[PDB]
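Quick note: the coordinates plus some simple rules give every number you see, no bench work behind them. Here Cβ is always computed from backbone atoms with ideal geometry, including for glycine, and neighbour counts include all displayed protein chains.
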Amino acid sequence: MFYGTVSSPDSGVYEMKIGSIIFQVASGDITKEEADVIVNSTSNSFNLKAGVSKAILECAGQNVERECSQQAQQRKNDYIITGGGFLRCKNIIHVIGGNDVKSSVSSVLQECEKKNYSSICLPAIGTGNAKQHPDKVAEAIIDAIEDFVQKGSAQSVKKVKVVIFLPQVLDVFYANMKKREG
Ligand SMILES: COCC(=O)Nc1cccc(NC(C)=O)c1
Ligand SMILES: [Cl-]
Ligand SMILES: [Cl-]
C-alpha cells in the first residue's frame, strides 16, 4: 500500500520509504543530530533529567528549561514546543514518555506540517524512565507515520529518523521494518 524496500545507505543505518517519507533508524547520541525538529521524551512536568532527556536538556541549555516550566505552569499540556537552544534544530517538541506513543508521534507530524518543516529526529519514545516495551514503541511510531501518509497529510515532511540509545533496541526497530516491507 505504502511501504518500500528496507536497505542500508550507511553502516548501521537502515531505511525504507513510507509513501513520500523516508523513514530511517540508527543507534547513537541524538544530541549530535541536525533536523528541523528534535523530539525529547520527558515527564508530565517537562523537567525530567534521566535517560536521553538529561542529555537533551543539558545540551539545549537553561533558556530552554525555563520555557518548559513557564509553559508547564500555564495549562495542562500533552506536549510542548520550545526553541532549540544549543541543539542543531529549529524547535524541540517535548512529549510525555508515558503517553500513548502513536498519539504523540501523530502530534509531532501535524506540528511539523504547520511549520512547513522537512526533517524530524526522535528517540525510542517511552523506553527510558517510562519503561514502555521497545516492540510496542516501534509498532506505534511506524503506525503513526503510516496513518499520516494514508490520510494524505504529508506535504512538507520528507524525512523521519529514529536515533536510538541502545543497539539492542535498534534490532527491534529493524525487525519491525522487515515485517512491513513491500
Ligand atoms: C546509561 O544510560 C543512559 C541512557 O540514556 N539510558 C537509556 C536506556 C534505555 C533507553 C533510553 N531511552 C530514553 C528515551 O531515555 C535511555
Ligand atoms: Cl522515557
Ligand atoms: Cl532511545
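Some observations on this one:
- Qualifying residue in the range 116-139 (condition: basic (K, R) and touching a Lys or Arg at 6+ places or on another chain (Cβ under 8 Å)): no
- Selection status of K131, touching a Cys at 6+ places or on another chain (Cβ under 6 Å), under 21 Å from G51 (Cβ atoms) and within 16 Å of ligand 1 (Cβ to nearest atom): no
- Residue check: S41 meets all listed conditions (1) more than 16 Å from ligand 2 (Cβ to nearest atom); (2) crowded, with 20+ Cβ neighbours inside 10 Å but one, namely (1).
- Of the listed requirements (1) within 20 Å of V137 (Cα to Cα); (2) surrounded by 17 or more Cβ atoms within 10 Å (Cβ to Cβ), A60 misses just one: (1).
- Complete set of residues in the range 13-42 that are out of contact with any helix residue (DSSP H, G or I) (no Cβ under 8 Å at 6 or more places or on another chain) and part of a loop (DSSP other than H, G, I, E, B): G28, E33, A35
- Test for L48: is it crowded, with 18+ Cβ neighbours inside 10 Å, in a loop (DSSP other than H, G, I, E, B) and under 18 Å from the mean Cα position of the chain (by Cα): yes
- Among (1) within 24 Å of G61 (Cβ to Cβ); (2) within 14 Å of ligand 1 (Cβ to nearest atom), the one test that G84 misses: (2)
- Restricting attention to the range 35-88, the residues that are under 22 Å from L109 (Cα atoms), of a type in the set (G, A, S) and in contact with a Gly (Cβ under 6 Å, 6 or more places away or on another chain) add up to 3.
Here's the yes/no breakdown for (1) under 24 Å from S11 (Cβ atoms); (2) surrounded by fewer than 22 Cβ atoms within 10 Å (Cβ to Cβ):
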{"position": "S69", "(1), (2)": "no, yes"}
{"position": "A72", "(1), (2)": "no, yes"}
{"position": "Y79", "(1), (2)": "no, yes"}
{"position": "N99", "(1), (2)": "no, yes"}
{"position": "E113", "(1), (2)": "no, yes"}
{"position": "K131", "(1), (2)": "no, yes"}
{"position": "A138", "(1), (2)": "yes, no"}
{"position": "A154", "(1), (2)": "no, yes"}
{"position": "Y174", "(1), (2)": "yes, yes"}
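- Pairs, first closer than 17 Å to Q70 by Cβ in the range 47-58, second within 15 Å of ligand 3 (Cβ to nearest atom) and outside any helix (DSSP H, G or I), C-beta under 6 Å, six or more apart: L48/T42
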